[PDB]
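Read the single chain below, which is given as structure tokens and is the form deposited in one PDB entry.
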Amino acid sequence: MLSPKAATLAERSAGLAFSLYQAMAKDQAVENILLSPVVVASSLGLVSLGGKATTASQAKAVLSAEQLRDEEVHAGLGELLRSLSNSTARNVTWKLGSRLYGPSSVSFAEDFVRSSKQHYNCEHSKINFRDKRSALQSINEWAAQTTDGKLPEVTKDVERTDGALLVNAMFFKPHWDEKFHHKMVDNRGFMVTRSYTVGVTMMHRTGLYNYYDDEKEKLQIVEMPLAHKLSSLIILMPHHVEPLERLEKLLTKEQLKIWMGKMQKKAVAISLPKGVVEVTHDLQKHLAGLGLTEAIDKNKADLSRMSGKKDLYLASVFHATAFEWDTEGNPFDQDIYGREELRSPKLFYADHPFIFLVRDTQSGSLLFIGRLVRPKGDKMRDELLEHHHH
């Protein structure tokens, strides 16, 4: 349960993540997406904490928290960050770290260091970008240790090497309410496009799931509850191997509510790719498009509560995540129903791009939003199709 202030911040974090997802989906250089609305919101909260006047008020505007005190925002966001660990077993299936990297010359304000550690658990470090290999090495080693190797490299290059770099490294592993059998795993092909396919490992399972097959919009939507039904993972996949652009037009808070109402518990034979999906996003360019124009500009930025010096701007906001799909979950009472209960299951075979969301069941807040377009795997030879499976 959330306080009414944190509950309204949660709705805006979800609406903000929907906007960031759509902005990134337009970009053709973007393949996989992985956003945690609460971690995106906390980044804006850190701008409101270290910023001043327009720089700080724009962060509250982007987060629609202008009609709330600064202390209410930092406490409400600190509350939502702690609620993430509740539905996910903290420090084992869910890991998060936040670090502000300032230039070697810049010294952080002792009051800012205390309040950012208090509300956002933010770490602070100085970094010399003259030696570009040792600056990237420090960032990647920190993100690797934060996620215990699951995210070994945040970025290969830092573009703006003259300001504050905010890095968020995460590891999330959905723990199913009903586990997959560890041996219901095999090698299948994932059609990235109609002409491109990568070799992937897949995990398979048949059970009762809330499901809807939308024949007019040609797509399936299934809800997979996570540990103790405290949150659930929703997957939207088109019927055909197509670019998700079309589904992303329909992906609105209103259509999702409609789709979820049309769902009903049916026997479903789910098959998903198994493995770690690593995604790094620099949200700086997209945050300006949402209203944060002062902080990202070297001349307009006022991060005086952060250091006590202009010429210090939000150079980058890295949102790096390692999202693992695995068989592990809670054990399920085998033979609770039987083979006649799961008789003609609906097929939900995720061998082509799909959109997914992690939703808190109690509050309805969005934990994650993303899409799996290109999983890790080598391109398969087209000539293998000349050799039929008979």
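Start at 1 and count along the sequence shown; that's the residue number. So that the term is clear: the rigid core is the largest set of C-alpha atoms that superpose within 1.5 Å between two forms.
Superposition on the core shows that, in 8 other deposited structures of this protein, the C-alpha atoms drift more in one of 128 to 136 and 315 to 323; this is 128 to 136. Note on 301 to 309 and 220 to 228: with rigid core alignment, C-alpha atoms in 8 other deposited structures of this protein sit farther from this form for 301 to 309. The records show that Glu340 is omitted from the coordinate set of at least a third of the other eligible entries of this protein.
Figure legend: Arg90 is marked as unmodelled in at least a third of the other comparable entries of the protein. Here the stretch with the larger average CA B-factor, out of 140 to 148 and 289 to 297, is 289 to 297. The mean Cα B-factor in the deposited entry runs higher for 162 to 170 than for the other of 162 to 170 and 268 to 276.
Highest CA B-factor among the listed residues (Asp157, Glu242, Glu178, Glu217): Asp157. Ranking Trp94, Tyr211, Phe129, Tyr196 by Cα temperature factor from the entry places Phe129 first. Per the deposited record, the Cα B-factor of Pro238 falls in the lowest third when ranked against the other modelled residues of its chain. Residue-level temperature factors show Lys183 in the lowest third of its chain, judged at the C-alpha atom. For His352, the recorded CA temperature factor ranks within the lowest third of the chain's modelled residues. Per the PDB record, residue ranking by Cα B-factor puts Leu63 in the highest third of the chain.
Placement of the Cα temperature factor of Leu100 within the chain: middle third of the modelled residues, per the deposited record.
Although not depicted, the form solved in complex with a partner chain is the subject of the following passage.
Only one of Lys309, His181, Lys265, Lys257 comes within 4.5 Å of its partner chain in the deposited complex through a heavy atom, and that residue is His181. The listed set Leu208, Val92, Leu230, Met191 contains one residue whose heavy atoms approach its partner chain in the deposited complex to within 4.5 Å, identified as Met191. In the deposited complex, its partner chain sits beyond 4.5 Å of every heavy atom of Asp131. The closest heavy atom approach of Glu217 to its partner chain in the deposited complex falls outside 4.5 Å. Within 4.5 Å of any heavy atom of its partner chain in the deposited complex lies no heavy atom of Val30. In the deposited complex, no heavy atom of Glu324 sits within 4.5 Å of its partner chain.
Residue heavy atoms within 4.5 Å of its partner chain in the deposited complex occur in exactly one stretch of 348 to 356, 44 to 52, 66 to 74, 361 to 369, and that stretch is 348 to 356.
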